[PDB]
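Just so you know, structure 1 and structure 2 below are the same protein chain in two forms, each on its own as structure tokens.
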Structure 1
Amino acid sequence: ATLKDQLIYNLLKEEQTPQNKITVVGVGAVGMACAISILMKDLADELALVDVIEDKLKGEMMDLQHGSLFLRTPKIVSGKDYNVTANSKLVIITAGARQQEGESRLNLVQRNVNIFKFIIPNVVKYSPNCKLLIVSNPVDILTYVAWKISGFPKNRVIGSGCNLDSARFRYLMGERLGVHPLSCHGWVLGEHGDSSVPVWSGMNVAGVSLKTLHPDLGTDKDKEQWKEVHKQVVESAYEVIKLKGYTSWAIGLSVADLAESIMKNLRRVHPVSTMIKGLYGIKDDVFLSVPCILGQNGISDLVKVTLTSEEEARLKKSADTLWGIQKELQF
């Protein structure tokens, strides 16, 4: 006899399991930018947020819920407990430890391993069949860590890797050429961040190879200094941090694009971090970015890119370094 009862007749109460649920672990600037971008792209019928800071977590959940009128994602939930993440198709990890001043790489990585040791088994408990997308840095090593802890098959553990680096590269390329980034093609591969590799041979507009038109492209004898574009990719990341104190929007949008391919089974190709053992004379269990076909099974295939000697040596050097760190990790 309540108002709801007067107004609404119920036919059935049954089931109700999310069909396209996504979880974001960690609700810092990066996690929440991933969340808003995913929400505005209608990728999920349920979004779950997890963090260890409970106040912050509740506030972010409520803020998103309050915009429900303007969205098409009918259920947004959160909690410190992983039961809220049950039955996720895709779980995106942005949680981790921030590197201290003077702190060694091994030490920082070890701190994040200890964090993943709590996070990953809980994610797996509640969504045994999800794809894991790792955003946390250092992304290539932490993708390895998530893979190691989860026990997932290689296809279901994806690192955001060089996706953002490549998007920045295409923005800068577009600016130089006066063309939309969508029509400017180019690939930054290997280790995410400072050591990434710009594959000059693949840079093209409408299938016209820039390297072929301009053989000095990428080299030190290039009067147009196209090498500076890749340098600006690296520099701009530290610049944004210096200017606003963190980065969020671009990473959020790039993560949503990966999630789109995965959730809708598109099988588009993105530069993301995957287990690269067997390529480029790499014989250790290390993850680096190559172009990968992404769909409902995660990474079902990868593209074998022909690299120059110098490009190959750079990936190989990254692989040697990552393994040097990984082999000393305590799981």
Structure 2
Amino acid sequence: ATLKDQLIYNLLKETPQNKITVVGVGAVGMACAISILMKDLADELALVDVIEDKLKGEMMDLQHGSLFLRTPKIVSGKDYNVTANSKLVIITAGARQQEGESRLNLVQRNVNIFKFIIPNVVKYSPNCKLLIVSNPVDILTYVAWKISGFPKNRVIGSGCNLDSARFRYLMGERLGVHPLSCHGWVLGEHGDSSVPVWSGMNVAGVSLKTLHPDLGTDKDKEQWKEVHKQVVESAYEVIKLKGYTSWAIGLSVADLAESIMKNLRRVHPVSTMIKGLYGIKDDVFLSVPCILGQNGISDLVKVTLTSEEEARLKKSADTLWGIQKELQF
């Protein structure tokens, strides 16, 4: 008999219980993978990409670290059979933006990628929650929702989670306080058009807007509006300096994955179907504070916005619908 048979007596012959799939093993996908592995959120990790060499190499590199991890099974493949029975599927797959090329071009190029991915994911994990990271995240969340046929609670966009995370870091740096104790919400459209909700900004329940009524206005001597401007600046700066962003997004995604996998019911700024709110009548996804758990977005926090903040959200929803109506599905 084999050494295995000489050493081990088998009792049982024969599904993963807390499986997570990462689609796209680029810099974002891999940072999501390592963060999830170090937070023990899954009993099985699946990786999918179209570049087979890179995919196998990334899987092997992770597997070689098994001794230091508590995720006993790490798999990869171009075939979505490796994703079967995932509780959560994270989409970080995307086309590399060409020089000159417009952003509407990239939208459709990523829609074409999504037209192949989403049916393959839903076929192997029909009851999964979809977590969209790929840009433009608000449009691609809508695309994922339309293709999948899933109820809106199971289609989550990373949205303004990173924007809010960056805002809190910058707030923290200005005040000499840990970002955990600095509260502030960046809502609406992820990226350039995001809305800092000045009314909600506080340390220990002390409203910064109450203490300083000029907060977030051009009338502000301290120019706190620059803290939101810097959120936008930092994204461009990181890309200019290292060519991409990975660690910050990976960490923010693992945080969302934690609330879903552990059914924590924490409130996060994530992209959801906001039709019926703030005068929005189109099928658009934008970030609002959402209760996140085992069934995805179960609830949403109704944030009271100023006329300016509400108009900004409306304008973003009109822009997103404009792109969404002209997409080829």
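The term rigid core refers to the maximal set of C-alpha atoms that superpose within 1.5 Å between the two forms. Along the sequence of structure 1, residues get numbers from 1 upward. Residues that one form lacks are left out of the comparison.
Asks: Quick check on the comparison between structure 1 and structure 2: with the core aligned, only one of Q100, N83, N129, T212 should show a Cα shift of at least 2 Å. Which one is it?
Replies: Just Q100.
Asks: What is the C-alpha shift for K283 between structure 1 and structure 2, rigid core superposed, to one decimal in Å?
Replies: With the rigid core fitted, the alpha carbon of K283 is displaced 0.2 Å between structure 1 and structure 2.
Asks: Could you tell me the distance the CA of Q110 travels between structure 1 and structure 2 after a rigid core superposition, in angstrom?
Replies: Value for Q110 between structure 1 and structure 2: 1.4 Å of C-alpha shift.
Asks: Can you list, in sequence order, the runs of 3 or more consecutive shared residues with C-alpha shifts of 2 Å or more between structure 1 and structure 2 on the rigid core?
Replies: The segment that shifts (3 or more residues, C-alpha shift of 2 Å or more) is 98-107 alone.
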